[PDB]
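A quick write-up on the structure given underneath.
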Amino acid sequence: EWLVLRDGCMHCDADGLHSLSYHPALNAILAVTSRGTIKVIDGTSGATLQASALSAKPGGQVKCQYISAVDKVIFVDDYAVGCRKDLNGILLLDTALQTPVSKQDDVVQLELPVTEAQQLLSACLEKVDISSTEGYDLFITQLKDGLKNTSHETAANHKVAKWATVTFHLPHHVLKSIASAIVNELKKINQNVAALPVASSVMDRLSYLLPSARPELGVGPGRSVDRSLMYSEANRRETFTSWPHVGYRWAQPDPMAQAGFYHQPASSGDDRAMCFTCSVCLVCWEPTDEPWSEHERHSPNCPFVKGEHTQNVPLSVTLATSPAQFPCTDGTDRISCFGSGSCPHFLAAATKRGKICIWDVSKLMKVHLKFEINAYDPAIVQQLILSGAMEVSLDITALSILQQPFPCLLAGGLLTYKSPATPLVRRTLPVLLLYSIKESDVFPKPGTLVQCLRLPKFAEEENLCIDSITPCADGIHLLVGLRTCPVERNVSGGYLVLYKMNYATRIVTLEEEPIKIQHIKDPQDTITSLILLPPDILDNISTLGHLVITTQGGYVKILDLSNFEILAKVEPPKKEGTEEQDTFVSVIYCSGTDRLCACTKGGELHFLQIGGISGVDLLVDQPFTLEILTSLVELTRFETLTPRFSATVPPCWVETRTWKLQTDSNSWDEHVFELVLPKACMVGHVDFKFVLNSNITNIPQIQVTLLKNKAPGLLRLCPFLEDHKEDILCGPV
Ligand SMILES: [Zn+2]
């Protein structure tokens, strides 16, 4: 029996909670309410960060999911799918599911942070005179009221202030004209202020939200490009599609495009890349030519070399302000299911009519594949023949992508067909369909069937439907959780089918024989949501980790993935003011709290903790032999952390990680940087490198102190350190 500790609970909303999602970089829980709003809560102190409505249609069923492999958040409604990511430590969730407009006069929602809005207001009131521009008074008044509402919350909590964004409701063409006027007015005065890149990013986001204001990229000889259209980084890196030197080490499109260069070739096959700010003539590129060093040498007066603020638009701002594309061009079909698998770089979306669109959300948001599933495939036909005019209706209920060898799409389909009774009866059968993803550069064509896996007899007998598909942490096994499909005896709670992936051929396939079948004989224990726990947390036939599932009645079950035996049981809490069951609906894992965070029926959040000195052979009492001292010395070495950790800084610092400080006196007295490791392991040390001012004539009395971040509740030192003096772990130095 495994021990689970309960140390309290928190109240998020009184409207209830349905699904949960956790962002590991910002330690933020994105709880999904039953009314469609997304409530972002911090995971370090219990103080809620923000609330969002995603600018979607009212009454829509918002479903939010997170991917840590690509570090992107997917929001799926009944209409469209939106992709978001972190931007300067906050998530721009106000316009996450914004439908792209078709005309210039449509009112668009423009969400902006606090420092950007303050710089825009300071420029418009001090350095920029744009009173002749259309819509100037409305934008000025909206900026003023947004800043005057934000400044009250600014002095209370810094993280809630940074998460708070001002949403302007203005027409698209008016905002575009205002931003163009700001860019021109700041360009004619030759002043390098912070409002210029803000306005450039704003106008690039507005141009990206409207496909009608996106002219075609005219990359060709004898034709100049539009520099104002080339202010975006994505267009500059798109211009290198015909680059003949992709195989070069440093002359690659992605590292060389971010320096502010675009391909303007005079012929077909050359390497002429011009800057979009200083217009430096560069030819005969070399594989050893570092882009930053070449831009510094050939143009030291370029503001990118000095780091000054230009009209550049970073790709992170465009990705954080990307629109929500519909799975079809008609935009009227409703999405039945979504998800991600062992290759989550591509995002799949299937409609109820049988059309699947796959987007490359890992790269820039574009159309990657679009096809329609035909239910009358020969493999489906012969599987239905082996099961027993001809009418077949196929509906997808789960989506996954499996990869070890190009990736393939796994769709969990349900086939309903009229069969004679041995009057016609509509029988349902769940199957798995494999479709090709990667296009051709006799291999199968994309959009065609690869493997038609047939589920065993109990799925057809009980009319079960494929509820969830999840690849295991090993990468060699796959789990399918079923449930009773409602119709428009002994009721079962579903089945857990563990399959083995097949990599015998060049295409990712599965095996017909299931490697494990587990039954849920209790109808009350119907599986609603699942999560997988990494085994290294327990390190503080090989075992395949632990699986945490939520039931219909709210009983959280933690089971070993090898045999699906009930190891840990968590009863649902009781509602306040009564004896009703506050049944758990969804569960996620919070790394910052190191706890299972589960949402209740009443909207509460509960954190469950997993896990709970003599008799050791020490390394001291032994005699001083050579091997023991050698093992002690080999123990005391240090290694570099890989991959990248997580960290956030105050916005006065702009960007193994480095930053540059800007002269801001709003919070000059204190600076708090937060660090979250990707995994709790053996802490060696932290290296803190600094470069000071060149005009320093006196030794500064400035101290840096490391502190253990406190877990949230479920000569005299500085007062902030006095507040956390007991839990200190380094310094003062
Ligand atoms: Zn330049």
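Numbered per the authors' numbering, the sequence shown spans residues 54 to 441, 500 to 515, 563 to 580, 621 to 639, 709 to 755, 818 to 869, 897 to 968, 1006 to 1048, 1074 to 1132, 1168 to 1186. Cβ coordinates follow ideal geometry from the N, Cα and C atoms, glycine included.
1) For the stretch 283-318, list the alpha helix (DSSP H) runs that are entirely contained and at least 4 residues long, ordered along the chain.
2) Around the C-beta of residue 955, are 16 or more other C-beta atoms found within 10 angstroms, so that it is buried, or is it exposed?
3) Whole angstroms is fine: what's the gap from residue 111's alpha carbon to residue 178's?
4) Buried or exposed, going by whether 16 or more other CB atoms sit within 10 Å of the CB of residue 1179?
5) Would residue 947 pass as a contact of residue 858 if the rule is Cβ separation under 9 Å?
6) Between which two residues does the alpha helix (DSSP H) harbouring residue 830 extend?
7) Relative to ligand 1, is the shortest distance from any of its heavy atoms to the C-beta of residue 330 smaller than 8 Å?
8) Tell me the start and end of each unbroken beta strand (DSSP E) in the stretch 183-260 that is at least 3 residues and wholly inside, in chain order.
9) Note down, one range per segment and in chain order, each beta strand (DSSP E) of at least 3 residues found wholly within the stretch 383-420.
10) Below 8 Å on the Cβ atoms is my contact criterion, and I expect residue 508 with residue 390 to pass it. Report the Cβ-Cβ distance as a whole number of Å.
11) Could you check which residue in 298, 375, 289 has the C-alpha nearest to that of residue 139?
12) Give the list of continuous beta strand (DSSP E) stretches no shorter than 3 residues that lie fully inside the stretch 841-869.
13) Is residue 830 buried or exposed, if buried means 16 or more other CB atoms sit within 10 Å of its CB?
14) When the Cα atoms are used, what is the spatial distance from residue 638 to residue 966?
15) Can you grab the Cα-Cα spacing for the pair residue 738 / residue 748, in whole Å?
16) Say the cut is 8 Å; is the CB of residue 955 nearer than that to a heavy atom of ligand 1?
17) Which residues in the same chain have their Cβ closer than 6 Å to the Cβ of residue 255, if we skip the five residues on either side of it in sequence?
18) Provide the residue(s) that pair with residue 128 in DSSP beta bridges, ordered along the chain.
19) Taking 9 Å as the cut-off, decide whether the C-beta atoms of residue 515 and residue 742 are in contact.
20) Considering only their Cβ atoms, is the gap separating residue 150 from residue 130 smaller than 9 Å?
21) Is residue 352 near ligand 1 - that is, is its Cβ less than 8 Å away from at least one heavy atom of it?
22) With a threshold of 8 Å, establish whether the CB of residue 968 neighbours any heavy atom of ligand 1.
23) Measuring only the C-alpha atoms, how far is residue 838 from residue 421?
24) Can you tell me the Cβ-Cβ gap for residue 413 and residue 424, rounded? I've got them flagged as a contact below 8 Å.
25) From residue 567 to residue 740, what distance separates their C-alpha atoms?
26) How big is the Cα-Cα spacing for residue 181 and residue 246?
27) In angstroms, rounded to a whole number, what distance separates the CA positions of residue 58 and residue 122?
28) Let me know the secondary structure DSSP gives residue 724 once reduced to three states.
29) Can you tell me whether DSSP reads residue 628 as helix, strand or coil?
30) Can you name the start and end residues of the beta strand (DSSP E) that residue 913 belongs to?
31) How many Å lie between residue 1029 and residue 1035 at the Cα?
32) In chain order, what residues of the same chain lie with their CB nearer than 8 Å to the CB of residue 153, ignoring the 5 residues before and after it?
33) Using only the heavy atoms of ligand 1, determine whether one of them is closer than 8 Å to the beta carbon of residue 355.
34) So, for residue 290: in the same chain, excluding its five sequence neighbours on each side, which residues have a beta-carbon less than 7 Å away from its beta-carbon?
35) If you reduce the DSSP assignment to three classes, tell me which class residue 734 lands in.
Quick answer:
1) 286-291, 306-310
2) By 1-based counting over the sequence shown, the position of residue 955 is 599. So residue 955 counts as buried.
3) Here the question's residue 111 lines up with position 58 in the sequence shown. Here the question's residue 178 lines up with position 125 in the sequence shown. About 37 Å.
4) For this step, residue 1179 is matched to residue 726 along the sequence shown. Exposed, because fewer than 16 other Cβ atoms sit within 10 Å of the Cβ of residue 1179.
5) In the sequence shown, counting from the first residue as 1, residue 947 sits at position 591. In the sequence shown, counting from the first residue as 1, residue 858 sits at position 529. No. Outside cutoff.
6) Along the sequence shown, one-based indexing puts residue 830 at 501. That residue, residue 830, is in no alpha helix (DSSP H); its beta strand (DSSP E) goes 824-831.
7) For the purposes of this step, residue 330 is taken as residue 277 along the sequence shown, with counting starting at 1. Result yes, Cβ under 8 Å from ligand 1.
8) 219-224
9) 388-392, 400-404, 408-412
10) If you number the sequence shown from 1, residue 508 lands on position 397. If you number the sequence shown from 1, residue 390 lands on position 337. Rounded, the Cβ-Cβ distance is 5 Å, consistent with contact.
11) Indexing the sequence shown from 1 puts residue 139 at position 86. The shortest Cα separation from residue 139 among 298, 375, 289 belongs to 375.
12) 845-848, 858-862
13) As a working mapping, residue 830 is identified with position 501 in the sequence shown. Buried: at least 16 other Cβ atoms inside 10 Å.
14) As a working mapping, residue 638 is identified with position 440 in the sequence shown. As a working mapping, residue 966 is identified with position 610 in the sequence shown. Using only the alpha carbons, I get a separation of about 48 Å.
15) Start at 1 with the first residue of the sequence shown, and residue 738 comes out as number 471. Start at 1 with the first residue of the sequence shown, and residue 748 comes out as number 481. Approximately 11 Å, taken between the alpha carbons.
16) Here residue 955 corresponds to residue number 599 of the sequence shown, with the count starting at 1. No.
17) Reading the sequence shown from its first residue, position 202 is the one you call residue 255. Closer than 6 Å at the Cβ level, and outside the excluded window around residue 255, lie 232.
18) The sequence position of residue 128 within the sequence shown is 75, counting from 1. Beta-bridge pairing links residue 128 to 117, 135.
19) Locating residue 515 in the sequence shown gives position 404, where the first residue counts as 1. Locating residue 742 in the sequence shown gives position 475, where the first residue counts as 1. For residue 515 and residue 742, yes; Cβs fall inside 9 Å.
20) Reading the sequence shown from its first residue, position 77 is the one you call residue 130. Reading the sequence shown from its first residue, position 97 is the one you call residue 150. Yes.
21) Your numbering for residue 352 matches position 299 in the sequence shown. Checking every heavy atom of ligand 1 against the Cβ of residue 352, one is found closer than 8 Å.
22) As a first step, residue 968 is located in the sequence shown; it is residue number 612 there, counting from the start. Flag unset: Cβ of residue 968 not near ligand 1.
23) Within the sequence shown, residue 838 is the residue found at index 509, counting from 1. Within the sequence shown, residue 421 is the residue found at index 368, counting from 1. Spanning the two alpha carbons is a distance of roughly 22 Å.
24) Here residue 413 refers to the residue found at position 360 of the sequence shown. Here residue 424 refers to the residue found at position 371 of the sequence shown. About 15 Å separates the two Cβ atoms, so there is no contact after all.
25) Taking the sequence shown and counting its residues from 1, one reaches residue 567 at position 409. Taking the sequence shown and counting its residues from 1, one reaches residue 740 at position 473. Whole-angstrom Cα-Cα distance: 19 Å.
26) Translated into the one-based positions of the sequence shown, residue 181 becomes position 128. Translated into the one-based positions of the sequence shown, residue 246 becomes position 193. Taking the straight line from one Cα to the other gives about 11 Å.
27) Residue 58 sits at position 5 when you count from the first residue of the sequence shown. Residue 122 sits at position 69 when you count from the first residue of the sequence shown. Rounded to the nearest angstrom, the two C-alpha atoms are 30 Å apart.
28) Within the sequence shown, the letter at position 457 stands for residue 724. It is helical.
29) Taking the sequence shown and counting its residues from 1, one reaches residue 628 at position 430. If DSSP states are grouped into helix, strand and coil, residue 628 belongs with the strands.
30) Against the sequence shown, residue 913 aligns to sequence position 557. 912-916 is the extent of the beta strand (DSSP E) around residue 913.
31) Counting from one through the sequence shown, the residue named residue 1029 turns up at place 636. Counting from one through the sequence shown, the residue named residue 1035 turns up at place 642. If I take the Cα positions, the gap works out to 19 Å.
32) Taking the first residue of the sequence shown as position 1, residue 153 is located at position 100. Contacts found: 262, 263, 264, 376, 377, 378.
33) The residue you call residue 355 lines up with position 302 of the sequence shown. Answer for residue 355: yes, Cβ within range of ligand 1.
34) Counted from its first residue, the sequence shown places residue 290 at position 237. Contacts found: 306, 307, 310.
35) The count along the sequence shown starts at 1 and reaches residue 734 at position 467. Strand.
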